[PDB]
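S.K.: Following this: a sequence and the matching experimental structure.
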Amino acid sequence: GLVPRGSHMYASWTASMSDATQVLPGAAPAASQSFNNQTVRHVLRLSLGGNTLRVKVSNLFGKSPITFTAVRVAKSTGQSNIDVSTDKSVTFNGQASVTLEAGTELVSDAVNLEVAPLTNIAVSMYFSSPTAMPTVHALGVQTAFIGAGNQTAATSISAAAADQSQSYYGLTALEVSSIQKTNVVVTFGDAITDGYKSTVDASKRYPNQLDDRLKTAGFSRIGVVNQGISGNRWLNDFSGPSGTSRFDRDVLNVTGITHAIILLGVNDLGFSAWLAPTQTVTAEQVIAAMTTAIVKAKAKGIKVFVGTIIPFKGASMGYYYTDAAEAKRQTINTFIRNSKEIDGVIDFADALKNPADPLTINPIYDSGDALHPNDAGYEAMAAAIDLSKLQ
Ligand SMILES: CC(=O)O[C@H](C[C@@H](O)C[C@@H](C[C@H](O)C[C@H](O)C[C@H](O)C[C@H](O)CCO)OC(C)=O)C[C@@H](O)C[C@@H](O)C[C@H](C)O
Ligand SMILES: [Cl-]
Ligand SMILES: [Cl-]
C-alpha cells in the first residue's frame, strides 16, 4: 500500500574527526591548518537520496570557538564546479553564520534540496576571521578547493592549484530525509576502511564499492557511511581518537544506524615495534575492547559484523609487522571466527590473502606496501560481503 508518510533523517555521508595537533608520545608538536577570509569547497558522495538534507559541522577538537560565516550546499558538476541553480543557504536556527564552542558539533536546519543516491554534492564554508581548524578528517581521498573571500555560492573556486587539500575541515556528516524504510551500514575501521591507496576522487574506497553492489542489486535504501580513520587504533589515541573512545560518537550515534561492520586492530599490533614502543598491547587487550564495543552495539539493536584482520606480512618488516604482531593477529582472528556474540564474521582475510602464502596479501590486491589494498583489493573486500547480512 501507500508507504506511511512520516519523514526521517538518515546519515548519507560521514567522516570521522581527528585532532590534527595530536601526536605520538615524544613527538614534536604539530600545527593545525588555519583559514583567514577564505572559502573551502568540499565534495562528497551521497549514499542515500531523499527530499531534504542537513549538514553537521564540527569544532570537536578546537582549542577555541570557530565561526562558520557561511555554509552552502549545491550539486557538484566535477572538480570545484557546482550547478548554481541548486545552490542553497545552510542555516543554523535560521542564521547563516554560526559559532561552535571548542569541543562541540552542530547539525544544521533542513535544506530543501532533492538529491539522488550515489551523486556528489559540494559543501562550501566561508571563514571570515582567522580560524584554526584542528578538527579534520585527515585522509579524505578527495580533493577540496580553497580560495579567497566568500566564494561559497560561486560556480567554481578561483585559486591556485597548490591551495587544494585532500582533507575535510570541520565537516562530519550529511543527513538526508526520506519516508522509505532505510538501512544505514556504518563501516568502522582504520586506513583500510578509510580507503588509503584507493584512487583520489574516484569513490573506490571499499565502502563505496559495497554501496555500488547494493544499488546495483536494487537496494537504493540501504546506505553505507564511512567511519574509518587512517592510522586508527582500538586502544590508544593517534591516529585519531582511540577506537574505544570514539565508538559511541562514530558508530552508536550515527543517525539511523542499523548495521555496523568493524575492521580494526592492525595498527594496535603494528605501532609498537617502532612508532610507539611504550604502547605495546596484547591480543587479549584488543579482544576486550572489541567485546565492550560489541556489547554496546547489540544493546542498541544494531546488527554487528566483525571483519578478520587482513594479512600484512611484508609491511615494514621489523618496524611494523613482526612475529609478535602476527601471533596477535591470529589470536584475534580466531576469536572473531569463533565468537557467538557477533551477528556474523566478514572474512576479509580469507578474501584478500595470497593463495601462495596466507600470511601475505594477494599480490593482485597489494597497493605496493603489503598493508593497504589497491582499488581491486577494495573491490574484492566489497565483493566478499553477503548482502543478505545488510537487510
Ligand atoms: C592500516 C593503516 O591504518 O595504515 C597507515 C599507517 C601505516 O602506514 C604505518 C606504516 C609503517 C611505518 O611507515 C613504518 C616506519 O616507516 C618504519 C621506519 O621507517 C623504520 C625506520 O626508518 C628505521 C630507521 O633505522 O605502515 C607501513 C607503511 O608498513 C595509516 C596512515 O598513517 C596512512 C597515512 O599516514 C597516509 C597519509 C598520506 O600520511
Ligand atoms: Cl560475509
Ligand atoms: Cl551477496
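M.R.: In hand now; what should we look at? Numbering: from 1, shown residues only. Ligands and ions are numbered 1, 2, ... in the order given.
S.K.: phi, psi of residue 14?
M.R.: When read as degrees, to the nearest 10, the backbone of residue 14 gives phi -140, psi 160.
S.K.: mind listing what it touches?
M.R.: 172, 173, 174, 186, 225, 226, 227, 250, 254 (CB atoms under 8 Å, 6 or more residues apart in numbering). Using the backbone N, CA and C atoms, a C-beta is placed for each residue, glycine as well.
S.K.: Which strands or helices does the helix or strand harbouring residue 41 pack on?
M.R.: In this assignment (DSSP states H and E), residue 41 forms part of strand 38-45. Contacts defined by 3 or more CB pairs under 8 Å, 6 or more residues apart in numbering; DSSP states H and E place strand 38-45 against strand 120-127, strand 145-148, strand 168-169, strand 171-178.
S.K.: Run the angle between it and strand 171-178 for me.
M.R.: 50 degrees (axes from the mean of the first three to the mean of the last three CA atoms, to 10 degrees).
S.K.: Strand 38-45: what's the following helix or strand?
M.R.: Next in sequence after strand 38-45, counting helices and strands by DSSP H and E, comes strand 53-59.
S.K.: tell me which strands and helices that next one is in contact with?
M.R.: Using 3+ CB pairs under 8 Å, 6+ apart as the test, strand 53-59 ends up in contact with strand 70-78, strand 98-100, strand 104-107, strand 120-127, strand 171-178.
S.K.: Let's have these in a markdown table, adding mean neighbour count and distance to ligand 2.
M.R.: Output for these, formatted as a markdown table (neighbours: other CB atoms under 10 Å; distance: least, CB to the ion, whole Å):
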| stretch | mean neighbour count | distance to ligand 2 |
| --- | --- | --- |
| strand 70-78 | 20 | 32 |
| strand 98-100 | 17 | 39 |
| strand 104-107 | 16 | 32 |
| strand 120-127 | 24 | 28 |
| strand 171-178 | 25 | 26 |
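S.K.: and ligand 3, which of those is closest to it?
M.R.: In terms of CB to the ion, the element of the helices and strands packed on strand 53-59 nearest to ligand 3 is strand 171-178, at 23.9 Å.
S.K.: returning to what we had before: between the contacts of residue 14, which is nearest residue 391?
M.R.: Closest approach to residue 391 among the contacts of residue 14 (CB to CB): residue 186, at 15.6 Å.
S.K.: so who does the residue in the stretch 201-350 of the chain that ligand 2 sits nearest to touch?
M.R.: Using CB to the ion, the single residue of the stretch 201-350 of the chain nearest to ligand 2 is residue 346, 4.5 Å away. By CB under 8 Å, 6+ apart, the contact set of residue 346 is 261, 263, 305, 306, 307, 308, 384, 385, 389.
S.K.: just residue 382 next, same as before
M.R.: Contacts of residue 382 (CB under 8 Å, 6+ apart): 206, 207, 209, 210, 212, 213.
S.K.: Can you list which of the residues you listed are found in helices?
M.R.: Counting by DSSP state H, the part of the contacts of residue 382 found in helices is 206, 207, 209, 210, 212, 213.
S.K.: Does the closest residue to the fourth one other than its chain neighbours lie in a helix or a strand, and which?
M.R.: Nearest non-adjacent residue to residue 210, counting by CB to CB, 6 or more residues apart in numbering: residue 382, 4.1 Å away. With elements delineated by DSSP H and E, residue 382 resides in helix 375-383, which encompasses its position.
S.K.: Measure how far that helix is from the centre of its chain, please.
M.R.: Remark: helix 375-383 is offset 17 Å from the chain centroid, using CA atoms, centre = their mean, to the nearest Å.
S.K.: What residues sit buried inside it?
M.R.: 375, 376, 377, 378, 379, 380, 381, 382 (16 or more other CB atoms under 10 Å).
S.K.: Now do the strands in the stretch 151-300 of the chain.
M.R.: 168-169, 171-178, 183-189, 222-228, 259-263 (DSSP state E, counting those that start in this stretch).
S.K.: Return the most buried member of those.
M.R.: strand 222-228 (a mean of 28; mean count of other CB atoms under 10 Å).
S.K.: Summarise which helices and strands that strand is packed against.
M.R.: strand 8-14, strand 183-189, helix 191-194, helix 206-216.
S.K.: Ok, which of those comes nearest residue 59?
M.R.: Short answer: strand 8-14, nearest of the helices and strands packed on strand 222-228 by CB to CB, at 16.9 Å.
S.K.: So what are the sheet partners of that closest one and their directions?
M.R.: strand 171-178 (antiparallel) (DSSP bridges).
S.K.: As CSV, could you dump the C-alpha coordinates of the strand it pairs with?
M.R.: Provided in CSV are the C-alpha atoms of strand 171-178 (Å, rounded to 0.1, in the frame of the first residue of the first chain):
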residue,chain,number,x,y,z
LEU,A,171,32.6,18.6,8.2
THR,A,172,31.5,15.3,9.7
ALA,A,173,28.0,14.2,8.4
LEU,A,174,25.5,14.8,5.7
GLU,A,175,22.0,13.5,6.6
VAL,A,176,19.1,13.2,4.1
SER,A,177,15.4,12.7,4.7
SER,A,178,13.1,10.0,3.3
